[PDB]
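Source file query_7.txt; content: compact mmCIF, C-alpha atoms.
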# COMPACT_ATOMS: atom_id res chain seq x y z
CA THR R 139 21.29 -51.73 -26.03
CA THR R 140 17.64 -51.77 -27.18
CA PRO R 141 14.31 -51.30 -25.35
CA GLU R 142 13.18 -54.62 -26.87
CA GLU R 143 15.68 -56.39 -24.61
CA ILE R 144 14.37 -54.30 -21.71
CA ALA R 145 10.84 -55.52 -22.42
CA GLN R 146 12.12 -59.10 -22.81
CA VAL R 147 13.90 -59.00 -19.43
CA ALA R 148 10.88 -57.50 -17.68
CA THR R 149 8.61 -60.07 -19.36
CA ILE R 150 10.77 -63.05 -18.35
CA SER R 151 11.15 -61.77 -14.79
CA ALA R 152 7.37 -61.30 -14.43
CA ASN R 153 6.46 -64.96 -15.18
CA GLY R 154 5.98 -64.39 -18.90
CA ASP R 155 3.57 -61.47 -18.52
CA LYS R 156 4.01 -59.43 -21.70
CA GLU R 157 1.85 -56.54 -20.48
CA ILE R 158 4.02 -56.02 -17.38
CA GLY R 159 7.12 -56.05 -19.57
CA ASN R 160 5.59 -53.52 -21.94
CA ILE R 161 4.43 -51.25 -19.10
CA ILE R 162 7.94 -51.29 -17.60
CA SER R 163 9.68 -50.76 -20.96
CA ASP R 164 7.39 -47.79 -21.64
CA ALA R 165 8.15 -46.33 -18.20
CA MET R 166 11.89 -46.72 -18.78
CA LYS R 167 11.50 -45.13 -22.22
CA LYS R 168 9.62 -42.17 -20.73
CA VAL R 169 11.43 -41.36 -17.46
CA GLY R 170 14.79 -42.84 -18.44
CA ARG R 171 16.44 -46.17 -17.72
CA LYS R 172 18.00 -44.87 -14.49
CA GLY R 173 14.83 -43.15 -13.35
CA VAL R 174 12.42 -43.38 -10.43
CA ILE R 175 9.70 -46.00 -10.97
CA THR R 176 7.39 -46.75 -8.04
CA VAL R 177 4.96 -49.68 -7.78
CA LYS R 178 1.64 -48.74 -6.17
CA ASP R 179 -1.70 -50.34 -5.39
CA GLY R 180 -4.43 -49.90 -7.99
CA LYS R 181 -8.20 -49.73 -7.58
CA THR R 182 -8.99 -50.93 -11.12
CA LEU R 183 -8.88 -54.32 -12.83
CA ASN R 184 -5.91 -53.55 -15.10
CA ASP R 185 -2.50 -52.02 -14.47
CA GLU R 186 -1.72 -48.47 -15.52
CA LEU R 187 1.29 -46.18 -15.87
CA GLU R 188 1.28 -42.58 -14.62
CA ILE R 189 4.16 -40.29 -15.61
CA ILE R 190 4.62 -37.34 -13.25
CA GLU R 191 6.58 -34.51 -14.86
CA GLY R 192 7.86 -31.37 -13.22
CA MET R 193 7.78 -30.65 -9.50
CA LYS R 194 4.78 -32.32 -7.87
CA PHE R 195 4.65 -32.54 -4.08
CA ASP R 196 1.94 -33.91 -1.79
CA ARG R 197 0.93 -30.61 -0.18
CA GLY R 198 -2.46 -28.97 -0.62
CA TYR R 199 -3.54 -25.37 -0.34
CA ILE R 200 -3.93 -23.75 3.07
CA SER R 201 -7.36 -22.24 2.35
CA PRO R 202 -10.11 -23.72 0.12
CA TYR R 203 -11.19 -20.23 -1.04
CA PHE R 204 -8.24 -20.06 -3.48
CA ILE R 205 -10.06 -22.29 -5.99
CA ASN R 206 -10.56 -20.67 -9.39
CA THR R 207 -11.27 -23.83 -11.43
CA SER R 208 -14.79 -25.11 -10.78
CA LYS R 209 -14.49 -28.21 -12.98
CA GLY R 210 -11.83 -30.12 -11.05
CA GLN R 211 -11.87 -28.07 -7.82
CA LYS R 212 -8.28 -27.09 -8.60
CA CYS R 213 -6.32 -23.84 -8.30
CA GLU R 214 -4.70 -23.13 -11.67
CA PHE R 215 -2.79 -20.16 -13.09
CA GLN R 216 -0.57 -19.42 -16.08
CA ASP R 217 2.83 -17.68 -15.81
CA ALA R 218 2.69 -17.29 -12.03
CA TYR R 219 5.18 -15.72 -9.66
CA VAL R 220 6.61 -18.03 -6.99
CA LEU R 221 7.54 -16.85 -3.49
CA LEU R 222 9.42 -19.39 -1.38
CA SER R 223 9.84 -19.05 2.39
CA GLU R 224 12.09 -21.07 4.68
CA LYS R 225 10.30 -19.86 7.82
CA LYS R 226 6.64 -19.54 8.73
CA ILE R 227 4.81 -16.46 7.42
CA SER R 228 2.66 -14.74 10.04
CA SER R 229 3.05 -10.96 9.95
CA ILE R 230 1.34 -8.45 7.67
CA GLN R 231 4.60 -6.78 6.59
CA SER R 232 6.23 -10.10 5.61
CA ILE R 233 3.60 -10.84 2.93
CA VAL R 234 2.37 -7.40 1.77
CA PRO R 235 5.34 -6.35 -0.47
CA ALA R 236 5.21 -9.64 -2.39
CA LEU R 237 1.54 -8.90 -3.00
CA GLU R 238 2.56 -5.45 -4.26
CA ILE R 239 4.90 -7.05 -6.82
CA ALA R 240 2.12 -9.48 -7.76
CA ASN R 241 -0.48 -6.72 -8.16
CA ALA R 242 1.74 -4.19 -9.97
CA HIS R 243 2.91 -6.62 -12.67
CA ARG R 244 -0.53 -8.33 -12.70
CA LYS R 245 0.88 -11.82 -12.21
CA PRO R 246 -0.46 -14.69 -10.08
CA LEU R 247 1.43 -15.58 -6.92
CA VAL R 248 2.02 -18.95 -5.26
CA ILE R 249 3.58 -18.81 -1.79
CA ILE R 250 5.31 -22.03 -0.75
CA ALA R 251 6.18 -21.81 2.94
CA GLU R 252 6.24 -23.78 6.18
CA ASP R 253 2.78 -22.45 7.06
CA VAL R 254 0.65 -19.32 6.65
CA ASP R 255 -0.73 -18.04 9.94
CA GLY R 256 -3.82 -16.02 10.77
CA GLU R 257 -2.93 -12.45 9.80
CA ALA R 258 -1.31 -13.38 6.48
CA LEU R 259 -4.10 -15.88 5.77
CA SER R 260 -6.76 -13.24 6.47
CA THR R 261 -4.96 -10.81 4.15
CA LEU R 262 -4.67 -13.40 1.36
CA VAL R 263 -8.28 -14.64 1.46
CA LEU R 264 -9.68 -11.12 1.90
CA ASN R 265 -7.70 -9.86 -1.11
CA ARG R 266 -8.71 -12.94 -3.12
CA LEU R 267 -12.43 -12.55 -2.38
CA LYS R 268 -12.76 -8.75 -2.45
CA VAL R 269 -10.64 -7.18 -5.20
CA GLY R 270 -9.79 -10.30 -7.22
CA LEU R 271 -6.06 -10.74 -6.67
CA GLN R 272 -4.84 -14.17 -7.78
CA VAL R 273 -2.87 -15.82 -4.98
CA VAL R 274 -2.49 -19.30 -3.46
CA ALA R 275 -0.56 -20.50 -0.39
CA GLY O 3 -11.66 25.58 27.71
CA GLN O 4 -13.65 24.49 24.67
CA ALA O 5 -16.38 21.89 24.22
CA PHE O 6 -17.05 19.38 21.44
CA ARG O 7 -20.76 18.49 20.99
CA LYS O 8 -21.59 19.58 24.55
CA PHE O 9 -18.71 18.04 26.48
CA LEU O 10 -16.14 20.22 28.25
CA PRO O 11 -13.20 18.24 29.71
CA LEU O 12 -12.00 19.22 33.16
CA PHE O 13 -8.51 20.36 34.26
CA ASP O 14 -5.76 19.49 31.71
CA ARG O 15 -7.60 16.60 30.04
CA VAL O 16 -8.09 16.86 26.28
CA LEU O 17 -10.52 14.95 24.07
CA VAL O 18 -9.26 13.73 20.70
CA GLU O 19 -10.68 11.74 17.80
CA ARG O 20 -8.39 9.11 16.29
CA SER O 21 -7.79 9.20 12.55
CA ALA O 22 -9.32 6.67 10.18
CA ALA O 23 -7.53 3.32 10.10
CA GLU O 24 -5.59 2.36 6.98
CA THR O 25 -7.62 -0.03 4.82
CA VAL O 26 -5.54 -0.12 1.62
CA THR O 27 -1.86 0.36 0.80
CA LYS O 28 -0.37 2.49 -2.00
CA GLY O 29 -0.19 -0.30 -4.58
CA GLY O 30 -3.77 -1.45 -4.01
CA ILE O 31 -3.37 -4.31 -1.51
CA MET O 32 -6.08 -4.08 1.15
CA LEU O 33 -5.64 -4.90 4.84
CA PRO O 34 -7.81 -6.89 7.28
CA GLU O 35 -9.86 -4.91 9.77
CA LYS O 36 -8.44 -6.62 12.87
CA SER O 37 -4.78 -6.13 11.91
CA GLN O 38 -5.21 -2.39 11.30
CA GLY O 39 -4.31 -1.67 14.92
CA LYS O 40 -4.97 1.38 17.06
CA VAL O 41 -4.34 4.63 15.19
CA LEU O 42 -1.76 6.77 17.00
CA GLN O 43 -2.51 9.94 14.99
CA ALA O 44 -5.49 12.00 16.11
CA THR O 45 -7.07 15.44 15.97
CA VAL O 46 -7.79 17.41 19.14
CA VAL O 47 -11.49 18.24 19.31
CA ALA O 48 -11.81 19.50 22.90
CA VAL O 49 -9.47 21.01 25.48
CA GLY O 50 -9.83 21.59 29.21
CA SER O 51 -9.16 24.63 31.35
CA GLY O 52 -5.72 23.35 32.37
CA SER O 53 -4.29 22.01 35.62
CA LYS O 54 -3.22 24.47 38.31
CA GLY O 55 0.50 23.91 38.81
CA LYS O 56 0.69 26.68 41.42
CA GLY O 57 -2.01 28.38 43.45
CA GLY O 58 -3.28 31.66 42.05
CA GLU O 59 -2.36 30.88 38.43
CA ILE O 60 -3.96 28.58 35.85
CA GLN O 61 -1.70 27.03 33.22
CA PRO O 62 -3.60 26.27 29.98
CA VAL O 63 -3.03 23.19 27.85
CA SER O 64 -0.34 23.21 25.17
CA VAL O 65 -2.49 21.82 22.35
CA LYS O 66 -5.55 23.51 20.86
CA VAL O 67 -8.73 22.33 19.16
CA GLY O 68 -7.92 21.44 15.56
CA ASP O 69 -4.32 20.30 16.11
CA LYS O 70 -3.03 17.05 14.63
CA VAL O 71 -1.30 15.21 17.49
CA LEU O 72 0.40 11.85 18.04
CA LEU O 73 -1.16 9.87 20.89
CA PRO O 74 0.72 7.46 23.15
CA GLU O 75 -0.04 3.76 22.91
CA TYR O 76 -1.54 3.58 26.42
CA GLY O 77 -3.30 6.18 28.54
CA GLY O 78 -6.61 6.94 26.88
CA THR O 79 -10.08 7.01 28.40
CA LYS O 80 -13.01 5.88 26.26
CA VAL O 81 -15.74 8.49 25.66
CA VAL O 82 -18.90 7.73 23.67
CA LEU O 83 -20.30 10.94 22.18
CA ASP O 84 -23.25 10.86 19.74
CA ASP O 85 -22.57 7.13 19.20
CA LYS O 86 -19.00 7.99 18.20
CA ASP O 87 -15.66 7.06 19.75
CA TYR O 88 -13.40 9.69 21.33
CA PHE O 89 -10.44 9.40 23.67
CA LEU O 90 -9.58 11.51 26.70
CA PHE O 91 -5.85 11.95 27.32
CA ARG O 92 -3.87 14.13 29.68
CA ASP O 93 -2.13 17.23 28.36
CA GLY O 94 1.29 15.84 29.25
CA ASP O 95 0.66 12.40 27.75
CA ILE O 96 0.63 13.66 24.14
CA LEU O 97 3.94 12.88 22.44
CA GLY O 98 3.81 15.79 19.99
CA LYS O 99 1.91 17.62 17.29
CA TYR O 100 2.29 17.81 13.51
CA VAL O 101 2.95 21.45 12.60
CA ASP O 102 2.09 22.45 9.03
Re-express the file's structure as structure tokens.
Amino acid sequence: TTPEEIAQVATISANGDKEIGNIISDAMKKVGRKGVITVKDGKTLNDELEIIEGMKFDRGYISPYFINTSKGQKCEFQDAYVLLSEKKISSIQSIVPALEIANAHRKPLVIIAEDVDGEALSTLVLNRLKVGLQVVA
Amino acid sequence: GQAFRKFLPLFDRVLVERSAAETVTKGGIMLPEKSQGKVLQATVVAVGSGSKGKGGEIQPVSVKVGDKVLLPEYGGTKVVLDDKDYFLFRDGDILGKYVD
């Protein structure tokens, strides 16, 4: 009934390690008791807990020219439009109208798709570098 | 027949200049240069004397110099005039003209 018992169970099960019990009780307090907790290798001397909120997936950008944050080499926007595609985007006419909605409302656009092929990629990078339209694939 | 910058086409061949390729859309999105494609709208800049369908009579070309026409996708001959690109088509190959 209490997270103190959760910490006690995780401490007893980890050969009396109180720090492991605390770092598991904190994880269960943050992501929920019936939540996803994954043990991973660490490159430091001490353990750490990383809470991933929202929708994070292990896919990078198609083109490195979409970077607008120089400090972390990241691509960051606020209040961005999202265009999702089941199939691969290759043609000019399949990506231009979404760019018209992005440009008319002056909102950033992130296009999550299977892949972005040469014509659409050329359009996106050329619009990003020439006029200043904010867009990432 | 009429000549454009000292070039008179022979028989029913006409010489046209393709229109400028579309670089930007209406809402401001610009297009890559490669994906612009071949422009199918052109302006006739030179006309020939016309092919002789029957002996003793010369049939002139339908189009005239200064007419906006719609070219076919295939059939043109490349002509380099004053370091500029022009295309020689037959009189019958032109799909139609824009009347205004």
- In Å to one decimal, how far is CA of residue 91 in chain O from CA of residue 34 in chain O?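 About the pair CA of residue 34 in chain O and CA of residue 91 in chain O: they are 27.6 Å apart.
Neighbouring residues of residue 78 in chain O at 9 Å or closer, counting all atoms listed in the file and skipping chain neighbours under 4 positions away, are residues 73, 74, 89, 90, 91 and 92 of chain O.
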- Determine which residues of chain R sit within 12 Å of chain O, taking into account all atoms listed in the file, and present them as a PyMOL selection string. chain R and resi 228-231+233-244+256-272
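Taking CA of residue 146 in chain R and CA of residue 159 in chain R as endpoints, the distance between them is 6.7 Å.
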- Item | Nearby residues, (17.1, -47.5, -21.2) file frame, 8 Å, all atoms listed in the file, as a VMD selection string | chain R and resid 139 to 141 144 166 to 167 170 to 172
- Between CA of residue 16 in chain O and CA of residue 48 in chain O, what is the distance, to one decimal in Å?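 Between CA of residue 16 in chain O and CA of residue 48 in chain O the gap is 5.7 Å.
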- Task: For residue 7 in chain O, list every protein, DNA or RNA residue within 10 Å, evaluated using only C-alpha atoms, and leave out those in the same chain fewer than 5 positions away; present the list as a ChimeraX atom specification.
- Result: /O:47-48,83-84
- For residue 247 in chain R, work out the shell of residues within 8 Å, counting only C-alpha atoms and skipping chain neighbours fewer than 2 positions away, then give it as a ChimeraX atom specification. /R:218-221,237,240,245,249,272-274
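The neighbours of range 180-190 of chain R here are the residues that come within 9 Å of it, using only C-alpha atoms and leaving out any residue fewer than 4 positions away in the same chain; they are residues 157, 158, 161, 162, 164, 165, 168, 169 and 194 of chain R.
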- Item | Spatial neighbours of residue 46 in chain O, max dist 6 Å, only C-alpha atoms, sep filter under 2 positions, as an NGL selection string | :O and (18 or 48 or 67-69)
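The smallest atom-to-atom distance between residue 65 in chain O and any of O:93, O:102, O:19, O:24, using only C-alpha atoms, is found for O:93.
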Given 4 Å of margin on each side, can you work out the centre and size in Å (one decimal) of an axis-aligned box holding every listed atom of range 243-261 of chain R, as AutoDock Vina command-line options?
--center_x -0.3 --center_y -15.2 --center_z -1.0 --size_x 21.0 --size_y 25.2 --size_z 31.5
- Have a look at R:148, R:251, R:175, R:193 and name the one nearest to residue 225 in chain R; count only C-alpha atoms.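 Looking only at the distances to residue 225 in chain R, the closest residue turns out to be R:251.
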Around the point (-10.6, 23.1, 25.2) (coordinates from the file), which residues reach within 7 Å if we count all atoms listed in the file? Answer as a PDB file with C-alpha atoms, keeping the file's coordinate frame.
ATOM      1  CA  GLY O   3     -11.660  25.580  27.710  1.00  0.00           C
ATOM      2  CA  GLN O   4     -13.650  24.490  24.670  1.00  0.00           C
ATOM      3  CA  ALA O   5     -16.380  21.890  24.220  1.00  0.00           C
ATOM      4  CA  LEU O  10     -16.140  20.220  28.250  1.00  0.00           C
ATOM      5  CA  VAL O  16      -8.090  16.860  26.280  1.00  0.00           C
ATOM      6  CA  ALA O  48     -11.810  19.500  22.900  1.00  0.00           C
ATOM      7  CA  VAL O  49      -9.470  21.010  25.480  1.00  0.00           C
ATOM      8  CA  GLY O  50      -9.830  21.590  29.210  1.00  0.00           C
ATOM      9  CA  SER O  51      -9.160  24.630  31.350  1.00  0.00           C
ATOM     10  CA  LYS O  66      -5.550  23.510  20.860  1.00  0.00           C
ATOM     11  CA  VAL O  67      -8.730  22.330  19.160  1.00  0.00           C
TER      12      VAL O  67
END
- Query: Which residue gives the smallest distance to residue 201 in chain R among R:177, R:250, R:275, R:222, with only C-alpha atoms counted?
  - Reply: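 Ranking R:177, R:250, R:275, R:222 by distance to residue 201 in chain R, first place goes to R:275.
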